[PDB]
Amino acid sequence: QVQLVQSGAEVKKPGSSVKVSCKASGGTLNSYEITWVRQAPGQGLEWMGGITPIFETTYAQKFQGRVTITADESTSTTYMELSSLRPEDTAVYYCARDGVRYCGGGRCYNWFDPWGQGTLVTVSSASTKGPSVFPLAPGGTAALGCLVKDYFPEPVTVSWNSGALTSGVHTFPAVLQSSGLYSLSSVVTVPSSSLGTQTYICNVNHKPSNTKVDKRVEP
């Protein structure tokens, strides 16, 4: 099953250009109909443009030439470049395959599947900054967690024990502090009898700053 993997999140200064990559692997074809869609925070999906298996491009007029999709067949990679960035361009950028998946009634039907994992592009002149990670230390049910403070830009991901612990986890949406930096907590409820026996580690990843931190949370 083909899978699409995108480049990581980054902050870009207003006026600059961003280039997001989409790498395909695992399918049977050498090139695909790739489309690009974006989603600004709290907004809908907005289609941007697409490229065919023989590298013909189509762009929504609304972008006014600011979007360019190119292909590198040697690496099975598609690039979307969005130029003259303004803060309204802050959004998750998605690639997807938009291939013909079904024909019936004399017609053929395209749809988006699979999707890339998305790339959050933050348009801002603030600098990247990695997070500090502090523990939220814990009869019946206990709560424990990790406080992930003072990073920029979004996003941060948090897992517990590498993702082996998912039940009872709540990773809160980030909040923008008045310092201009983001903060967030991830918590998990566990049996209180497990404390001091079971190890709990939060894995914090801020790809924009290449920060991968683990924090053991003990009582």
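Sequential numbering from 1, following the sequence displayed.
Undergrad: Is there a break between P138 and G139, and how many deposited residues does it span: none, 1 to 3, 4 to 9, or 10 or more?
TA: Unresolved stretch here: 4 to 9 residues.
Undergrad: Got a sec? Mean C-alpha B-factor, which is higher, 63 to 71 or 46 to 54?
TA: Higher mean C-alpha B-factor: 63 to 71.
Undergrad: Averaging C-alpha B-factors over each stretch, which comes out higher, 96 to 104 or 82 to 90?
TA: The recorded data point to 82 to 90.
Undergrad: Among the candidates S186, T35, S178, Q39, give the one with the maximum CA B-factor reported in the record.
TA: Each of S186, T35, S178, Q39 was compared by C-alpha B-factor; the highest is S178.
Undergrad: Highest Cα B-factor in the PDB entry belongs to which of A9, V204, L195, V20?
TA: Among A9, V204, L195, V20, the highest C-alpha B-factor in the entry belongs to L195.
Undergrad: By its CA B factor, does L147 count among the lowest, middle or highest third of the modelled residues in the chain?
TA: Within its chain, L147 is a lowest-third residue by C-alpha B-factor, going by the deposited values.
Undergrad: Sorting the chain's modelled residues by C-alpha B-factor, tell me whether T119 ends up in the lowest, middle or highest third.
TA: Its C-alpha B-factor, which the entry lists for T119, ranks in the lowest third among residues of this chain.
Undergrad: Relative to the other modelled residues in the chain, which third contains the C-alpha temperature factor of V158: lowest, middle or highest?
TA: As the PDB entry reports it, the C-alpha B-factor of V158 lands in the lowest third of its chain.
Undergrad: Relative to the other modelled residues of the same chain, rank the CA B-factor of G168 and answer lowest, middle or highest third.
TA: Answer is middle: the recorded C-alpha B-factor places it there.
Undergrad: By the recorded C-alpha temperature factor, relative to the other modelled residues in its chain, which third is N110 in?
TA: Within its chain, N110 is a lowest-third residue by C-alpha B-factor, going by the deposited values.
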